[PDB]
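Below, each chain spelled out in residue letters.
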Amino acid sequence: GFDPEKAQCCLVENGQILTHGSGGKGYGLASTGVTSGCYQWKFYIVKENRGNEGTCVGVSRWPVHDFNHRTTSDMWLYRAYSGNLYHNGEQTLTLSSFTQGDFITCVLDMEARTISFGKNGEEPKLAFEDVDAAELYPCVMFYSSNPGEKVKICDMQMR
């Protein structure tokens, strides 16, 4: 689930859900980090503003010093509204957009140093290479100003 000690301007709802709260832009990381091998999981978009989304999903270092999706090198992010990818800036590769009711499969391969994302059970597509953190946590970030978005973290066989 989500760790309330690794959440900023977000609330952890019954462990499994991260809700965008007061205080402006924010983030939350999962409880457990990944340090070797490969780990697969899903995010499920519980609540969003369809066509004007404010969520990114991905993985993060801890501690977080920069959570601005446009600049951060602490996070590797995938943006709901446009399908854009962010790490040390917006990348060329664009994947599918996503919204409320969608699942995003995330594959964090610490051996190959890659991150891949699949939408609604489609095979994951390679998103990032040369991933260069020792330990990474599943994360969600919200760049909207107002509260309300909700994302659930799920096991890889949830559908």
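Residues numbered from 1 in each chain as written, not as in the entry; some residues may be left out. Heavy atoms only, no water. Residues with missing side-chain atoms left out of burial classes, pairs and counts.

Caption draft 1: Region of the structure containing the sheet that holds strand β11 (residues 114–119). A sheet is described by the order of its strands in space; here seven strands give the open sequence β2-β3-β14-β5-β10-β11-β12, paired in antiparallel fashion. The open sheet has two free edges, formed respectively by β2 (10–13) and β12 (125–128), since each of these has just one partner strand. Strand after strand, the sheet turns through a mean of 30° between neighbouring axes, direction not considered. With six bridges connecting them, strand β10 (residues 103–109) and β11 associate as antiparallel partners. (Pairing = 2+ DSSP bridges. Helix = DSSP H or I, 4+ residues; strand = E, 2+ residues; numbered from the N terminus. Axes fitted to C-alpha atoms, helices over the stretch in contact; angles between N-to-C directions.)

Caption draft 2: Quick look at the state of the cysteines. What the rule picks out here adds up to zero disulfides. As a non-bridged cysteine, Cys10 has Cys9 as the owner of its nearest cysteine sulfur, 6.8 Å distant. Judged by its relative accessible area of 10%, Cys10 is buried. Counting only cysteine sulfurs, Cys56 is the nearest neighbor of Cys139, a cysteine outside any disulfide, at a range of 8.9 Å. The exposure class assigned to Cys139 is buried, which follows from its relative accessible area of 0%. (Disulfide = S-S within 2.5 Å. Buried < 20%, exposed > 50% of the residue type's maximum accessible area, 1.4 Å probe, protein only.)

Caption draft 3: Examining the nonpolar core more closely. Membership of the largest hydrophobic core comes to 31 residues, with the highest contact counts inside it found for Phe43 and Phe117. Grouped together as the second largest cluster of nonpolar side chains are eleven residues, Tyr86, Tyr137, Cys139 and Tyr143 included. (Core = buried A, V, L, I, M, F, W, Y, C linked by side-chain atoms within 4.5 Å.)

Caption draft 4: Fine view of the pairing of strand β6 (residues 55–60). For β6, the buried fraction is high: six of the six residues fall into the buried class. Relative to strand β13 (residues 137–142), β6 runs antiparallel, the two sharing six bridges. Following the sheet pairing, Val57 is matched in β13 by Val140.

Caption draft 5: Summary view of the layout of surface pockets. Taken as a whole, the largest pocket holds about 160 Å³ of empty space. As for the largest pocket, its lining consists of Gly1, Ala30, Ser31, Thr32, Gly33, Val34, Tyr39, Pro138, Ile153, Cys154 and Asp155. Residues of the lining of the largest pocket, tallied by class, amount to six nonpolar, four polar and one charged. (1 Å grid on protein atoms, 1.4 Å probe; cavity = no way out; pocket = protein on both sides within 12 Å on 5 of 7 lines; lining within 4 Å. Points joined across faces, edges and corners; volume = space filled by probe spheres on them. Nonpolar A, V, L, I, M, F, W, Y, C, P; charged D, E, K, R; others polar.)

Caption draft 6: Structural view of the pairing of strand β4 (residues 26–30). Most of β4 sits out of view: five of its five residues are buried. With three bridges joining them, strand β1 (residues 2–8) and β4 adopt antiparallel strand pairing. Across the sheet, the residue bridging to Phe2 is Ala30, located in β4. Bridge count for β4 against β13 is four bridges, and the pairing is antiparallel. Residue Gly28 lies in a different strand from β13, and its bridge partner there is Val140.

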